[PDB]
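J.: Before I ask anything, let me first share the structure, which is written out below as structure tokens.
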Amino acid sequence: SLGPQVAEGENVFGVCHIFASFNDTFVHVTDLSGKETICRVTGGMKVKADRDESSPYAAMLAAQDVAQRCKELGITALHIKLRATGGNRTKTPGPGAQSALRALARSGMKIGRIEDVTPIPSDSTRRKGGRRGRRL
RNA sequence: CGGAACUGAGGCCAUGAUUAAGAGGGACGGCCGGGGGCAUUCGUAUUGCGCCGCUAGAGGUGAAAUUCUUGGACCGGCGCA
């Protein structure tokens, strides 16, 4: 975890893959390639209370603690690939998503170019429910 | 000289055929259209597999457990199905 680059003239980039689901939050640091990882760490290690791991309070706290540890490793710049569950399923990030986001706003990492990358299908397989739907 | 069938060539008849339906059928001209059938091409995602990377949780709920998981899960990359 040592970028030999000089600090400001140019950045040694990593790339954080921020998964924000409605029941989990991943954080997966990698190289420019992506194939090689530096540090991945999740919330579920840091907080053990099933009901409020995806809670926005939990996802924020998680994002701060995780981003803190990656900064700790000393990577100055990051590419970003925020991602949600996707597919035939939901296209909206869950309640953790946004608390994590604001948390990473205060956390301090130098940010390269951002992009969205949730895998939307052209034409999809059937959603997990009835025809009559998740009813309640 | 009268009355039935058959058979030749005339003269004349203003010589003979109602219109073409804001009824209809059929033809023609270039169009029009997720109209039909057959064959052909493409896309991602998907779930599955194989391989590589870090790793201890992952799942899922209003809240939890059976469930998968240090015999390497989930996450990421490349190929295949």
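Following the order of the structure tokens, first chain is A, next is B, and so on, with residues numbered from 1 inside each chain and ligands from 1 in the order they appear.
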Can you tell me which residues surround residue 73 in chain B at a distance of at most 12 Å, considering only C-alpha atoms (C1' of nucleotides), apart from same-chain residues fewer than 5 positions away, and format the answer as a count of residues only?

T.: 6

J.: Could you build a table of the residues in chain B lying no more than 10 Å from chain A, giving for each the nearest pair of atoms and their separation in Å rounded to one decimal place, using only C-alpha atoms (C1' of nucleotides), ordered by chain and ascending residue number, as a Markdown table?

T.:
```
| residue | atom | partner | partner_atom | distance |
| --- | --- | --- | --- | --- |
| B:43 | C1' | A:122 | CA | 7.7 |
| B:44 | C1' | A:121 | CA | 5.8 |
| B:45 | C1' | A:121 | CA | 4.3 |
| B:46 | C1' | A:125 | CA | 7.1 |
| B:52 | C1' | A:35 | CA | 8.0 |
| B:53 | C1' | A:36 | CA | 4.9 |
| B:54 | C1' | A:37 | CA | 5.5 |
| B:55 | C1' | A:40 | CA | 7.7 |
| B:56 | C1' | A:45 | CA | 7.8 |
| B:57 | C1' | A:45 | CA | 7.0 |
| B:58 | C1' | A:44 | CA | 8.7 |
| B:59 | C1' | A:23 | CA | 9.1 |
| B:60 | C1' | A:23 | CA | 8.1 |
| B:61 | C1' | A:51 | CA | 7.3 |
| B:62 | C1' | A:51 | CA | 9.3 |
| B:63 | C1' | A:51 | CA | 7.1 |
| B:64 | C1' | A:50 | CA | 8.5 |
| B:74 | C1' | A:26 | CA | 9.3 |
| B:75 | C1' | A:28 | CA | 6.6 |
| B:76 | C1' | A:35 | CA | 5.9 |
| B:77 | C1' | A:35 | CA | 4.0 |
| B:78 | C1' | A:35 | CA | 8.7 |
```

J.: Can you list every residue in chain A that DSSP puts in strand (DSSP E), as number ranges by chain?

T.: A: 13-20, 25-30, 37-40, 77-82, 110-116

J.: For the residues selected in the previous step, produce a file with N, CA, C and O atoms as a CSV table (one decimal), in the first residue's frame.

T.:
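Written output follows (selection-v3.csv):
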```csv
chain,number,residue,atom,x,y,z
A,13,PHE,N,-3.9,6.0,-8.4
A,13,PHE,CA,-5.3,5.7,-8.3
A,13,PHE,C,-5.6,4.3,-7.9
A,13,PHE,O,-4.8,3.4,-8.1
A,14,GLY,N,-6.7,4.1,-7.2
A,14,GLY,CA,-7.1,2.8,-6.9
A,14,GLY,C,-8.5,2.8,-7.6
A,14,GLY,O,-8.7,3.6,-8.5
A,15,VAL,N,-9.4,2.1,-7.1
A,15,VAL,CA,-10.8,2.3,-7.6
A,15,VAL,C,-11.7,1.5,-6.6
A,15,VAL,O,-11.6,0.3,-6.4
A,16,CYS,N,-12.5,2.3,-5.8
A,16,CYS,CA,-13.4,1.7,-4.9
A,16,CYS,C,-14.7,1.3,-5.6
A,16,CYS,O,-15.3,2.1,-6.4
A,17,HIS,N,-15.2,0.0,-5.4
A,17,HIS,CA,-16.4,-0.5,-5.9
A,17,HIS,C,-17.4,-0.5,-4.7
A,17,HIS,O,-17.5,-1.5,-4.0
A,18,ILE,N,-18.2,0.6,-4.6
A,18,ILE,CA,-19.1,0.8,-3.5
A,18,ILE,C,-20.4,0.1,-3.9
A,18,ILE,O,-21.3,0.7,-4.5
A,19,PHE,N,-20.6,-1.1,-3.3
A,19,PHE,CA,-22.0,-1.7,-3.4
A,19,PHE,C,-22.8,-1.2,-2.3
A,19,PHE,O,-22.5,-1.4,-1.1
A,20,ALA,N,-24.0,-0.6,-2.6
A,20,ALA,CA,-25.0,-0.2,-1.6
A,20,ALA,C,-26.3,-0.9,-2.0
A,20,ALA,O,-27.1,-0.3,-2.8
A,25,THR,N,-23.7,-3.5,2.4
A,25,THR,CA,-22.8,-2.6,1.8
A,25,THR,C,-21.4,-3.2,1.6
A,25,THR,O,-20.8,-3.5,2.6
A,26,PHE,N,-21.0,-3.3,0.4
A,26,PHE,CA,-19.6,-3.8,0.1
A,26,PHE,C,-18.7,-2.6,-0.2
A,26,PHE,O,-19.1,-1.6,-0.8
A,27,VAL,N,-17.4,-2.7,0.1
A,27,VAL,CA,-16.4,-1.8,-0.3
A,27,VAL,C,-15.1,-2.6,-0.7
A,27,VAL,O,-14.5,-3.2,0.2
A,28,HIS,N,-14.7,-2.5,-2.0
A,28,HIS,CA,-13.8,-3.4,-2.6
A,28,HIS,C,-12.8,-2.5,-3.4
A,28,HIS,O,-13.2,-2.0,-4.5
A,29,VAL,N,-11.7,-2.2,-2.8
A,29,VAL,CA,-10.6,-1.4,-3.4
A,29,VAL,C,-9.9,-2.3,-4.4
A,29,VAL,O,-9.5,-3.4,-4.1
A,30,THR,N,-9.6,-1.7,-5.6
A,30,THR,CA,-8.7,-2.4,-6.5
A,30,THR,C,-7.8,-1.5,-7.3
A,30,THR,O,-7.9,-0.3,-7.1
A,37,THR,N,-7.0,-6.8,-6.3
A,37,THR,CA,-7.6,-6.1,-5.2
A,37,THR,C,-6.6,-5.7,-4.1
A,37,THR,O,-5.5,-6.3,-4.0
A,38,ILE,N,-6.9,-4.7,-3.4
A,38,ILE,CA,-6.0,-4.1,-2.5
A,38,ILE,C,-6.6,-4.3,-1.1
A,38,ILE,O,-6.0,-5.0,-0.2
A,39,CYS,N,-7.8,-3.8,-0.9
A,39,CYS,CA,-8.5,-4.1,0.4
A,39,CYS,C,-10.0,-4.1,0.1
A,39,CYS,O,-10.5,-3.0,-0.3
A,40,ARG,N,-10.7,-5.2,0.3
A,40,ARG,CA,-12.2,-5.1,0.3
A,40,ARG,C,-12.6,-5.2,1.8
A,40,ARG,O,-12.0,-6.0,2.5
A,77,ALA,N,-5.7,8.7,-4.6
A,77,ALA,CA,-6.8,8.9,-5.5
A,77,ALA,C,-7.6,7.6,-5.7
A,77,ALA,O,-7.0,6.5,-5.5
A,78,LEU,N,-8.8,7.7,-6.0
A,78,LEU,CA,-9.7,6.6,-6.3
A,78,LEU,C,-10.6,6.8,-7.5
A,78,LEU,O,-11.1,7.9,-7.6
A,79,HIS,N,-10.7,5.8,-8.3
A,79,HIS,CA,-11.8,5.8,-9.2
A,79,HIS,C,-13.0,5.3,-8.4
A,79,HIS,O,-12.9,4.7,-7.4
A,80,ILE,N,-14.2,5.7,-8.9
A,80,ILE,CA,-15.4,5.2,-8.2
A,80,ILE,C,-16.3,4.5,-9.1
A,80,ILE,O,-16.6,4.9,-10.2
A,81,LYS,N,-16.8,3.3,-8.6
A,81,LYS,CA,-17.9,2.6,-9.3
A,81,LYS,C,-19.0,2.3,-8.2
A,81,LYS,O,-18.9,1.3,-7.5
A,82,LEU,N,-19.9,3.2,-8.0
A,82,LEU,CA,-21.0,2.9,-7.1
A,82,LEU,C,-21.9,2.0,-7.8
A,82,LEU,O,-22.1,2.1,-9.0
A,110,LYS,N,-9.2,11.5,-2.5
A,110,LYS,CA,-9.1,12.3,-3.7
A,110,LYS,C,-9.8,11.5,-4.7
A,110,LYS,O,-9.5,10.3,-4.9
A,111,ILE,N,-10.8,12.1,-5.4
A,111,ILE,CA,-11.6,11.4,-6.4
A,111,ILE,C,-11.3,11.7,-7.8
A,111,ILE,O,-11.3,12.9,-8.3
A,112,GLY,N,-11.0,10.6,-8.6
A,112,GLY,CA,-10.8,10.7,-10.0
A,112,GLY,C,-12.2,10.9,-10.7
A,112,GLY,O,-13.2,11.3,-10.1
A,113,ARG,N,-12.3,10.5,-11.9
A,113,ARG,CA,-13.5,10.5,-12.6
A,113,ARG,C,-14.4,9.4,-12.2
A,113,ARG,O,-14.1,8.2,-12.0
A,114,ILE,N,-15.7,9.8,-11.9
A,114,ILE,CA,-16.7,9.0,-11.4
A,114,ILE,C,-17.5,8.4,-12.5
A,114,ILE,O,-17.6,9.0,-13.6
A,115,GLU,N,-18.2,7.3,-12.3
A,115,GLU,CA,-19.2,6.8,-13.3
A,115,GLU,C,-20.2,5.9,-12.6
A,115,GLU,O,-19.9,5.4,-11.5
A,116,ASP,N,-21.3,5.7,-13.2
A,116,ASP,CA,-22.3,4.8,-12.7
A,116,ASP,C,-22.2,3.5,-13.5
A,116,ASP,O,-21.9,3.5,-14.7
```

J.: Based on DSSP run over this structure's backbone, return all residues of chain A in helix (DSSP H, G or I), as a ChimeraX atom specification.

T.: /A:43-46,50-52,56-73,95-107
